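Down below is the structure, laid out as structure tokens.
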Amino acid sequence: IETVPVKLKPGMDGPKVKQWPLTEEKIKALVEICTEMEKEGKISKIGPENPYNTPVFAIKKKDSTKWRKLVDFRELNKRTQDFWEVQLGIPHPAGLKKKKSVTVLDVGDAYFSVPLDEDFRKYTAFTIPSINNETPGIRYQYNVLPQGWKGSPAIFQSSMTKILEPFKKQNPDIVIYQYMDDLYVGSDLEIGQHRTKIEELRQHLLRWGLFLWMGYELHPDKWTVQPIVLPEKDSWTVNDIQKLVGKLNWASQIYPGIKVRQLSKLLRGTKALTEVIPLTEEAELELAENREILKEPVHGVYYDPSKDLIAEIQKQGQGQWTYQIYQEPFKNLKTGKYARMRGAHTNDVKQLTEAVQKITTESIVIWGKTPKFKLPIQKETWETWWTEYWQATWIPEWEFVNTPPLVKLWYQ
Amino acid sequence: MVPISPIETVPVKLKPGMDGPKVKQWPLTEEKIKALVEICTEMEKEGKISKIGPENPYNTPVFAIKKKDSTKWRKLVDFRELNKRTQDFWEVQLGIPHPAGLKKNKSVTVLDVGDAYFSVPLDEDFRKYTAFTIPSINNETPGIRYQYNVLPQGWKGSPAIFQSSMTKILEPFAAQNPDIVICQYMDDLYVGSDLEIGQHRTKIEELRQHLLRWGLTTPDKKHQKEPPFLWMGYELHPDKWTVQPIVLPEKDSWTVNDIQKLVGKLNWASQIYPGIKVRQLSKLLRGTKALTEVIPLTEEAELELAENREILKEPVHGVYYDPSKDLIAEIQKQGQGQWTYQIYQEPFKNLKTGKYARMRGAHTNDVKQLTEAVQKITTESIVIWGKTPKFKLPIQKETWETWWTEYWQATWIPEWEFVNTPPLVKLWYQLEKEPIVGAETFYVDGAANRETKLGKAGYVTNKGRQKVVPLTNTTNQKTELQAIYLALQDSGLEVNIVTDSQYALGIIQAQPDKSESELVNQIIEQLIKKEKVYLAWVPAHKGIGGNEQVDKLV
Ligand SMILES: Cc1cc(/C=C/C#N)cc(C)c1Nc1ccnc(Nc2ccc(C#N)cc2)n1
């Protein structure tokens with residue numbers, strides 16, 4: 001009932017971000033949702049004296065046919081005062097990633113029971129546009145914590161902690177983490193009661209006040225990690241050897257002991273690319289010494305909460321994608337590889353958009369924050385289509401790579 | 001008295017920190033003052049303004065301007081300073097409806113709402129900032145001090161607050177009359193519907209009855225305006241629209257301005273006049289801060305302009321949108337990075353037309369441009385009709401599949417069908433994925449002396465073939481490309497080329513079919529002539545075979 005005062009960062013004004021074009025179907029969905037949210041007091045129409053704006057659109061989550069309103073609070077978030085609650089900043093649960101399984105629950109609705117600081121409301125303004133802008137856009141602002149806003153979990157934290165004590169005390173080994181509108185619940189108990197502990201947690205939540213019906217399971221215990229491997233062949237052509245030296249030269253930026261002298265020696269002369277070259281003793285030993293080196297972990301690799309996480313993605317073709325997460329170049333903290341028949345066999349962008357969400361989810365579980373993406377796609381193509389395939393309540397940052405990375409194959 | 005609902009006022013504030021205006025009222029003439037005194041007395045009687053005490057310390061200069069020697073005078077309150085100090089507003093007046101997005105309405109009534117503008121109260125706590133003074137005759141008495149009670153014309157927040165106030169009132173009427181449309185444009189309200197002129201007049205009578213509730217009267221109007229309407233540069237007709245007449249200027253001496261002003265017209269016309277080109281005419285204007293420069297038209301521009309006038313010969317109209325029929329978009333390659341498109345529902349009856357120009361860059365490819373044009377039409381179509389149109393493109397299904405499955409970037413074109421109208425977009429060459437058996441292997445390389453700019457490019461092959469060419473005014477980058485070019489020129493139809501140039505690979509892997517660099521173009525031209533080309537990369541200075549930097553190090 002009482003509201004916790006909020007303000008932007010000293011010297012910054014509220015967001016003034018343009019609403020992007022929405023399809024007729026998304027507009028209709030938003031009008032219906034916002035009309036209902038207005039009857040419920042969650043939002044209120046605003047006048048022209050409010051100049052701020054945050055983009056809005058609509059999505060359909062994991063296997064449901066019901067539209068969800070998603071506000072793109074990325075700008076408002078980086079302008080919202082770092083919210084240091086009475087939590088001292090909950091030290092990210094380094095054990096969530098080790099847990100056998102993890103289910104992700106959408107508890108954003110809970111936020112709608114807490115009122116928002118009146119002086120801050122103006123900053124959450126958004127517009128439902130009209131097709132061809134025939135009528136003026138419907139302008140609204142929030143009266144309660146908005147889903148997707150940084151301050152929502154922070155402000156509702158105190159309320160959330162006491163709503164779960166019965167469970168946390170009843171189940172001491174289950175790890176529960178909260179990121180934005182998501183609650184990540186991890187335990188080693190097999191689906192049977194892991195599902196029921198959630199179902200128990202759902203009821204427990206449904207009873208303690210608060211589409212919760214949805215669940216999203218992950219297995220961080222069996223996640224995609226990636227060591228560098230070299231070919232094992234009985235006959236090497238000149239081309240095979242040139243590719244190997246190129247790859248080892250690349251890895252030498254990651255691993256110091258890598259040597260190619262003995263292998264490139266085999267390349268002394270202008271030979272036909274398809275000619276088979278027998279490996280010398282020295283070269284074969286160098287290859288063995290390099291294989292061993294590649295089995296040890298990368299040296300001096302540590303995570304740093306004060307720095308951004310950077311995620312690079314490469315299109316490998318045939319539905320496969322590789323990615324690396326790091327903070328320092330050549331100091332990978334996590335690498336992976338994807339390929340699935342999930343509604344995008346002829347859609348490159350749908351696949352990339354799905355990869356972006358899995359990588360972000362993985363990043364939240366491991367470090368408690370989202371990475372900055374470097375996407376192998378032209379800005380105009382991505383910005384035109386990503387919202388058609390987005391199914392998450394959060395949205396990461398991204399930039400575009402326009403020059404083909406020579407290091408593509410070395411990752412697959 | 002019939003009680004009338006009041007128009008809610010909008011809380012206005014000055015920007016943070018800033019204070020109201022305090023500008024010197026300038027000396028006026030005896031007759032102008034008498035003029036202003038009259039005007040202001042009358043405005044006061046109507047409620048628009050009110051005399052204020054000497055307390056208020058704010059001030060905005062007022063002026064007197066004669067409406068071109070007519071039997072009248074006009075007051076001009078210069079709110080420029082006050083505007084610099086007024087908070088920002090939600091200018092809900094942005095991105096106008098595009099005529100092609102409108103629906104047909106056989107009946108369009110116009111209602112005048114000039115007197116409604118003042119029916120809009122100015123936030124009480126803000127009025128004082130609008131204070132102004134009519135100087136006194138001979139400055140022998142204190143000037144008459146006034147302040148606004150209504151939105152002042154020329155004030156920063158007037159447009160926004162009026163539209164928002166008018167919308168809020170019309171809202172309930174529009175919502176309960178889903179078969180009529182209303183548009184605010186200047187002192188008028190245009191109400192359209194597609195009802196029998198009978199059921200339409202009733203609806204207009206109802207709007208007037210509804211507006212009366214707020215005390216707003218519209219002179220009984222079948223406005224001095226009837227189809228076709230001149231609006232936002234267009235001509236809106238009952239069942240069709242077009243841009244207002246485009247008249248291409250006739251001259252022998254074209255200057256910077258005349259030319260770019262020729263651009264704007266062509267650009268405005270391109271939304272309905274098919275195939276318009278502006279690449280050459282726009283080409284000539286990069287470097288013009290000076291506008292009087294009598295610049296010559298390259299023979300290209302003259303041909304383009306001739307193709308322009310021709311298309312402008314016949315008047316062209318676009319139709320309105322019918323939500324029951326499909327939306328289709330067709331594109332054509334025009335050459336020199338130019339593309340044209342038409343969006344329609346029925347063949348030969350376009351809703352609108354348009355064009356696209358390649359983005360500035362050194363290397364490019366037709367498929368990438370076709371894709372960008374598709375993205376642009378998609379977004380514009382989402383804006384105008386709330387949906388993506390079905391595309392008809394001059395590219396074979398097979399060409400597209402080969403393209404996107406092999407392109408290093410993710411890419412996508414929405415639902416589309418091939419339309420066989422030359423020139424077709426195609427892939428000009430396709431590099432090999434594996435080294436070619438039996439094909440000669442060329443090890444190439446180049447290097448240049450950074451100081452002298454002297455360099456060399458060349459190759460050695462597995463057959464012993466060799467070449468080294470000395471070069472002047474060159475760089476490492478150019479020599480690496482030259483080396484690749486020599487290998488291509490001197491090899492048979494199938495060839496394997498080994499290079500250590502990350503730069504050249506960066507270019508070739510981007511798959512360009514055209515370039516600004518004549519050296520990349522010569523290479524592309526050679527690629528097109530080959531049957532098979534395998535380009536392999538190796539690290540430089542790693543003692544890797546044939547990578548003869550030495551031959552070029554000289
Ligand atoms: C944008 C707009 C400008 C004017 C006019 C402004 C001015 N001046 C008048 C109206 C009523 C509208 N609004 C809409 C909304 C939907 N369909 C249409 N179709 C439509 C509009 C005009 C004519 C005509 N003639 C025919 C069909 N108009």
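We label chains A, B, ... in the order they appear in the structure tokens, count residues from 1 in each chain, and number ligands from 1 in the order shown.
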Quiz prompt | Close residues to ligand 1 using only C-alpha atoms and all ligand atoms, limit 6 Å, as a list in words | solution = residues 134 of chain A; 97, 102, 103, 104, 105, 181, 182, 183, 190, 191, 192, 227, 228, 229, 230, 231, 236, 237, 238 and 239 of chain B
Prev. selection, C-alpha atoms, output as a PDB file, in the first residue's frame:
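Output below, filename part11.pdb:
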ATOM      1  CA  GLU A 134      -5.279   7.652 -38.552  1.00  0.00           C
TER       2      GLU A 134
ATOM      3  CA  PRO B  97      -1.630   9.081 -42.376  1.00  0.00           C
ATOM      4  CA  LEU B 102      -7.196   5.542 -46.212  1.00  0.00           C
ATOM      5  CA  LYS B 103     -10.446   3.756 -46.993  1.00  0.00           C
ATOM      6  CA  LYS B 104     -13.112   4.914 -49.389  1.00  0.00           C
ATOM      7  CA  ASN B 105     -15.788   7.263 -48.100  1.00  0.00           C
ATOM      8  CA  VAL B 181     -13.961   8.692 -39.533  1.00  0.00           C
ATOM      9  CA  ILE B 182     -12.880  12.094 -38.224  1.00  0.00           C
ATOM     10  CA  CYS B 183      -9.782  14.096 -39.045  1.00  0.00           C
ATOM     11  CA  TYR B 190     -13.514  16.305 -41.708  1.00  0.00           C
ATOM     12  CA  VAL B 191     -16.060  13.611 -41.083  1.00  0.00           C
ATOM     13  CA  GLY B 192     -16.287  10.801 -43.556  1.00  0.00           C
ATOM     14  CA  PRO B 227     -13.757  17.127 -53.179  1.00  0.00           C
ATOM     15  CA  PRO B 228     -10.985  17.197 -54.160  1.00  0.00           C
ATOM     16  CA  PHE B 229      -9.285  18.175 -50.880  1.00  0.00           C
ATOM     17  CA  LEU B 230      -5.805  19.710 -50.827  1.00  0.00           C
ATOM     18  CA  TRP B 231      -4.145  18.137 -47.809  1.00  0.00           C
ATOM     19  CA  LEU B 236      -7.699  13.494 -51.802  1.00  0.00           C
ATOM     20  CA  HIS B 237     -10.620  12.548 -54.081  1.00  0.00           C
ATOM     21  CA  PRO B 238     -13.716  10.491 -53.161  1.00  0.00           C
ATOM     22  CA  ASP B 239     -12.277   7.242 -54.521  1.00  0.00           C
TER      23      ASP B 239
END
Produce a table with one row for each residue of segment 243-332 of chain B that has an atom at most 10 Å from any atom of segment 368-375 of chain B, each row naming the nearest atom pair and its distance in Å at one decimal; use only C-alpha atoms; arrange rows by chain and rising residue number; format as a Markdown table.
| residue | atom | partner | partner_atom | distance |
| --- | --- | --- | --- | --- |
| B:329 | CA | B:374 | CA | 9.0 |
| B:330 | CA | B:374 | CA | 9.5 |
| B:331 | CA | B:373 | CA | 8.2 |
| B:332 | CA | B:370 | CA | 8.8 |
Would you mind exporting the chosen residues as an mmCIF file, in the first residue's frame, restricted to N, CA, C and O atoms?
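Just written: out15.cif:
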data_model
loop_
_atom_site.group_PDB
_atom_site.id
_atom_site.type_symbol
_atom_site.label_atom_id
_atom_site.label_comp_id
_atom_site.auth_asym_id
_atom_site.auth_seq_id
_atom_site.Cartn_x
_atom_site.Cartn_y
_atom_site.Cartn_z
ATOM 1 N N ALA B 329 3.203 -6.460 -53.310
ATOM 2 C CA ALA B 329 4.286 -5.513 -53.585
ATOM 3 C C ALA B 329 5.271 -6.070 -54.627
ATOM 4 O O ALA B 329 5.805 -7.186 -54.496
ATOM 5 N N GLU B 330 5.510 -5.284 -55.666
ATOM 6 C CA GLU B 330 6.376 -5.715 -56.741
ATOM 7 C C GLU B 330 7.605 -4.837 -56.849
ATOM 8 O O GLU B 330 7.516 -3.617 -56.774
ATOM 9 N N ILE B 331 8.763 -5.456 -57.025
ATOM 10 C CA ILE B 331 9.978 -4.666 -57.108
ATOM 11 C C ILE B 331 10.707 -4.887 -58.440
ATOM 12 O O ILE B 331 10.596 -5.952 -59.055
ATOM 13 N N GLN B 332 11.428 -3.866 -58.888
ATOM 14 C CA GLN B 332 12.233 -3.970 -60.100
ATOM 15 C C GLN B 332 13.588 -3.320 -59.874
ATOM 16 O O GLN B 332 13.703 -2.288 -59.199
#
Practice problem: Tell me, as a count of residues only, which residues lie within 10 Å of residue 58 of chain B, counting only C-alpha atoms; anything in the same chain fewer than 6 positions away does not count. | Solution: 14
Considering only C-alpha atoms, return as a short mmCIF file (atom, residue, chain, number, x, y, z; two decimals) with C-alpha atoms, in the first residue's frame whatever protein or nucleic-acid residues lie within 12 Å of residue 170 of chain A, sequence-local ones (same chain, fewer than 4 positions apart) excluded.
data_model
loop_
_atom_site.label_atom_id
_atom_site.label_comp_id
_atom_site.auth_asym_id
_atom_site.auth_seq_id
_atom_site.Cartn_x
_atom_site.Cartn_y
_atom_site.Cartn_z
CA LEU A 164 8.61 -17.95 -0.15
CA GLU A 165 9.96 -18.56 3.36
CA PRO A 166 7.56 -21.44 4.00
CA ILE A 174 16.19 -26.08 -3.75
CA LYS A 197 7.71 -28.84 -5.91
CA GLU A 200 3.61 -26.94 -4.90
CA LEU A 201 5.43 -23.63 -5.35
CA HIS A 204 2.05 -21.85 -2.55
#
Quiz item: Neighbours of segment 392-406 of chain A within 10 Å (only C-alpha atoms; same-chain residues fewer than 4 positions away dropped), as JSON, numbers by chain?
Solution: {"A": [59, 60, 61, 62, 68, 69, 70, 71, 72, 73, 74, 106, 108, 147, 148, 149, 150, 179, 180, 181, 182, 310, 311, 312, 313, 314, 354, 356, 357, 358, 360, 361, 369, 370, 371, 372, 373, 374, 375, 376, 377, 378, 379, 380, 382, 410], "B": [407, 408, 409, 502, 505, 506, 507, 508, 509, 510, 537]}
Quiz item: How would you write, as a ChimeraX atom specification, the set of residues in segment 182-406 of chain A that DSSP gives as strand (DSSP E)?
Solution: /A:182-187,217-218,236-237,276-277,310-317,320-326,332-338,372-375,397-400
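Atom CA of residue 148 of chain B to atom CA of residue 185 of chain B spans 24.2 Å [interatomic distance, one decimal].
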Practice problem: Kindly provide, as JSON, numbers by chain, the residues of chain B having any atom no farther than 8 Å from an atom of chain A, counting only C-alpha atoms. | Solution: {"B": [10, 11, 12, 87, 88, 89, 90, 91, 92, 93, 95, 96, 97, 98, 101, 160, 161, 164, 167, 183, 372, 375, 378, 379, 382, 383, 384, 385, 386, 387, 405, 406, 408, 409, 410, 411, 412, 435, 436, 437, 440, 441, 443, 460, 461, 462, 496, 502, 506, 509, 510, 537, 538, 539, 542, 543, 544, 545, 546, 547]}
Applying 10 Å and only C-alpha atoms, which residues near segment 96-103 of chain A remain after dropping the ones on its own chain fewer than 2 positions away? List them as a short mmCIF file (atom, residue, chain, number, x, y, z; two decimals) with N, CA and C atoms, in the first residue's frame.
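Final output, saved to result18.cif:
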data_model
loop_
_atom_site.label_atom_id
_atom_site.label_comp_id
_atom_site.auth_asym_id
_atom_site.auth_seq_id
_atom_site.Cartn_x
_atom_site.Cartn_y
_atom_site.Cartn_z
N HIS A 92 24.79 -13.22 -6.57
CA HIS A 92 24.30 -14.23 -7.51
C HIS A 92 24.55 -15.68 -7.03
N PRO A 93 23.48 -16.50 -6.98
CA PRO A 93 23.55 -17.91 -6.55
C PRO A 93 24.39 -18.78 -7.48
N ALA A 94 25.68 -18.85 -7.18
CA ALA A 94 26.63 -19.63 -7.96
C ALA A 94 26.28 -21.11 -8.02
N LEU A 105 9.72 -19.69 -13.94
CA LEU A 105 8.32 -19.28 -13.76
C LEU A 105 8.13 -17.79 -14.02
N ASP A 173 17.33 -27.38 0.08
CA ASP A 173 18.29 -27.65 -0.99
C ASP A 173 17.93 -27.04 -2.35
N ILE A 174 16.66 -26.69 -2.52
CA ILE A 174 16.19 -26.08 -3.75
C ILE A 174 16.71 -24.65 -3.85
N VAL A 175 17.32 -24.31 -4.99
CA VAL A 175 17.83 -22.96 -5.19
C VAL A 175 16.80 -22.16 -5.98
N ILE A 176 16.45 -20.99 -5.46
CA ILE A 176 15.47 -20.13 -6.10
C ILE A 176 16.09 -18.77 -6.38
N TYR A 177 16.07 -18.37 -7.65
CA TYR A 177 16.64 -17.10 -8.07
C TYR A 177 15.64 -16.29 -8.87
N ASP A 182 11.05 -13.16 -13.91
CA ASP A 182 11.23 -14.61 -13.84
C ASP A 182 11.77 -15.12 -12.53
N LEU A 183 11.28 -16.29 -12.16
CA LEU A 183 11.76 -16.94 -10.95
C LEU A 183 12.40 -18.22 -11.45
N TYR A 184 13.67 -18.43 -11.11
CA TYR A 184 14.37 -19.64 -11.54
C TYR A 184 14.45 -20.61 -10.36
N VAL A 185 13.81 -21.76 -10.50
CA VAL A 185 13.80 -22.74 -9.42
C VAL A 185 14.60 -24.01 -9.73
N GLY A 186 15.75 -24.15 -9.08
CA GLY A 186 16.57 -25.32 -9.33
C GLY A 186 16.80 -26.29 -8.18
N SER A 187 16.66 -27.58 -8.49
CA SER A 187 16.88 -28.65 -7.52
C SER A 187 17.31 -29.93 -8.25
N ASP A 188 17.88 -30.88 -7.52
CA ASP A 188 18.34 -32.13 -8.12
C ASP A 188 17.27 -33.21 -8.14
N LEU A 189 16.12 -32.91 -7.54
CA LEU A 189 15.02 -33.86 -7.49
C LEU A 189 14.46 -34.06 -8.90
N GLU A 190 14.33 -35.31 -9.32
CA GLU A 190 13.82 -35.66 -10.65
C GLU A 190 12.43 -35.11 -10.91
N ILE A 191 12.17 -34.78 -12.18
CA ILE A 191 10.91 -34.19 -12.62
C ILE A 191 9.69 -34.49 -11.76
N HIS A 194 10.01 -32.55 -8.76
CA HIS A 194 10.65 -31.28 -9.05
C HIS A 194 9.47 -30.51 -9.64
N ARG A 195 8.69 -31.23 -10.45
CA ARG A 195 7.50 -30.67 -11.07
C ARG A 195 6.51 -30.34 -9.97
N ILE A 198 7.36 -27.45 -7.86
CA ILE A 198 7.02 -26.24 -8.58
C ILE A 198 5.51 -26.10 -8.42
N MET A 214 2.51 -21.76 -16.79
CA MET A 214 3.66 -22.14 -17.61
C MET A 214 4.96 -22.45 -16.87
N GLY A 215 5.70 -23.40 -17.43
CA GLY A 215 6.97 -23.80 -16.87
C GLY A 215 7.97 -23.96 -18.01
N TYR A 216 9.24 -23.69 -17.73
CA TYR A 216 10.29 -23.78 -18.73
C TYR A 216 11.49 -24.46 -18.06
N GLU A 217 11.74 -25.72 -18.42
CA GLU A 217 12.83 -26.47 -17.81
C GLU A 217 14.17 -26.49 -18.56
N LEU A 218 15.25 -26.30 -17.80
CA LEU A 218 16.61 -26.27 -18.33
C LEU A 218 17.46 -27.26 -17.54
N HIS A 219 18.56 -27.71 -18.13
CA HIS A 219 19.46 -28.65 -17.47
C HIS A 219 20.88 -28.12 -17.50
N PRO A 220 21.19 -27.18 -16.59
CA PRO A 220 22.52 -26.59 -16.51
C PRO A 220 23.61 -27.57 -16.11
N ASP A 221 23.21 -28.75 -15.65
CA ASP A 221 24.18 -29.78 -15.24
C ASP A 221 24.75 -30.47 -16.48
N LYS A 222 23.97 -30.45 -17.56
CA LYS A 222 24.39 -31.05 -18.82
C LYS A 222 24.33 -30.00 -19.93
N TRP A 223 25.04 -28.89 -19.73
CA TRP A 223 25.07 -27.82 -20.71
C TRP A 223 26.21 -27.91 -21.72
N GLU A 362 20.82 -18.71 -20.55
CA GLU A 362 21.99 -19.37 -20.01
C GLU A 362 22.82 -18.39 -19.22
N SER A 363 22.92 -17.18 -19.74
CA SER A 363 23.72 -16.14 -19.10
C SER A 363 23.12 -15.67 -17.77
N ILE A 364 21.80 -15.64 -17.70
CA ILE A 364 21.11 -15.21 -16.48
C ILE A 364 21.39 -16.25 -15.36
N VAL A 365 21.19 -17.52 -15.69
CA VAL A 365 21.43 -18.61 -14.75
C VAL A 365 22.86 -18.61 -14.19
N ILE A 366 23.85 -18.44 -15.07
CA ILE A 366 25.25 -18.45 -14.66
C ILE A 366 25.77 -17.17 -13.97
N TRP A 367 25.41 -15.99 -14.47
CA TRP A 367 25.94 -14.77 -13.88
C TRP A 367 24.93 -13.77 -13.32
#
Mind listing the alpha helix (DSSP H) residues of segment 126-309 of chain A, per DSSP on the backbone, as a compact mmCIF listing (two decimals) with C-alpha atoms, in the first residue's frame?
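File written: selection_0.txt
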# COMPACT_ATOMS: atom_id res chain seq x y z
CA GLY A 151 12.90 -1.52 -10.22
CA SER A 152 10.01 -3.96 -10.13
CA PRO A 153 11.83 -7.04 -8.78
CA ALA A 154 13.99 -4.82 -6.59
CA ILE A 155 10.99 -3.06 -5.00
CA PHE A 156 8.92 -6.24 -4.74
CA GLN A 157 11.92 -8.17 -3.39
CA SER A 158 11.00 -7.56 0.24
CA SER A 159 7.50 -8.84 -0.54
CA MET A 160 8.80 -11.86 -2.49
CA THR A 161 11.24 -13.09 0.16
CA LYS A 162 8.50 -13.50 2.80
CA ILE A 163 6.14 -15.09 0.28
CA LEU A 164 8.61 -17.95 -0.15
CA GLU A 165 9.96 -18.56 3.36
CA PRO A 166 7.56 -21.44 4.00
CA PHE A 167 8.95 -23.10 0.86
CA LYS A 168 12.61 -22.19 1.31
CA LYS A 169 12.48 -23.55 4.87
CA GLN A 170 10.42 -26.56 3.78
CA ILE A 191 10.91 -34.19 -12.62
CA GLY A 192 8.30 -36.15 -10.67
CA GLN A 193 8.46 -34.00 -7.56
CA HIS A 194 10.65 -31.28 -9.05
CA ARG A 195 7.50 -30.67 -11.07
CA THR A 196 5.41 -31.07 -7.94
CA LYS A 197 7.71 -28.84 -5.91
CA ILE A 198 7.02 -26.24 -8.58
CA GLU A 199 3.34 -27.14 -8.68
CA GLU A 200 3.61 -26.94 -4.90
CA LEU A 201 5.43 -23.63 -5.35
CA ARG A 202 2.72 -22.48 -7.78
CA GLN A 203 -0.07 -23.28 -5.33
CA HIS A 204 2.05 -21.85 -2.55
CA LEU A 205 2.32 -18.70 -4.68
CA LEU A 206 -1.30 -18.80 -5.81
CA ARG A 207 -2.25 -18.93 -2.13
CA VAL A 238 48.30 -29.84 -48.24
CA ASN A 239 44.98 -28.13 -47.78
CA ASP A 240 44.21 -30.12 -44.58
CA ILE A 241 47.54 -29.06 -43.18
CA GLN A 242 47.07 -25.40 -44.17
CA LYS A 243 43.70 -25.41 -42.40
CA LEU A 244 45.29 -27.01 -39.31
CA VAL A 245 48.09 -24.44 -39.09
CA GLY A 246 45.52 -21.66 -39.49
CA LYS A 247 43.44 -23.07 -36.66
CA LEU A 248 46.47 -23.62 -34.39
CA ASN A 249 47.75 -20.12 -35.12
CA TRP A 250 44.30 -18.91 -34.01
CA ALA A 251 44.35 -21.02 -30.84
CA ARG A 261 56.83 -24.64 -36.89
CA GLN A 262 57.15 -28.40 -37.34
CA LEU A 263 53.76 -28.60 -39.13
CA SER A 264 54.30 -25.59 -41.42
CA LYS A 265 57.69 -27.07 -42.38
CA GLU A 281 57.93 -37.37 -36.65
CA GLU A 282 58.60 -33.86 -35.43
CA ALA A 283 55.34 -32.59 -36.95
CA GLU A 284 53.31 -35.45 -35.48
CA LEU A 285 54.83 -34.76 -32.04
CA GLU A 286 54.04 -31.07 -32.33
CA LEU A 287 50.46 -32.03 -33.19
CA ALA A 288 50.35 -34.29 -30.13
CA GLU A 289 51.86 -31.63 -27.90
CA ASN A 290 49.21 -29.24 -29.19
CA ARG A 291 46.36 -31.68 -28.56
CA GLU A 292 47.48 -32.09 -24.95
CA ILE A 293 47.69 -28.34 -24.50
CA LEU A 294 44.17 -27.92 -25.81
CA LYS A 295 42.82 -30.27 -23.15
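The space separating atom CA of residue 424 of chain B from atom CA of residue 299 of chain B comes to 26.3 Å.
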Exercise. Fewer than 4 positions away in the same chain doesn't count, so skip those; otherwise give me all residues within 10 Å of residue 332 of chain A, counting only C-alpha atoms, as a PyMOL selection string.
Key: chain A and resi 226+254+298+301-303+310-311+324-328
Quiz prompt | Between atom CA of residue 213 of chain A and atom CA of residue 111 of chain A, distance in Å (one decimal) | solution = 16.8 Å
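Closest to residue 529 of chain B among B:549, B:430, B:515, B:217 is B:430, based on only C-alpha atoms.
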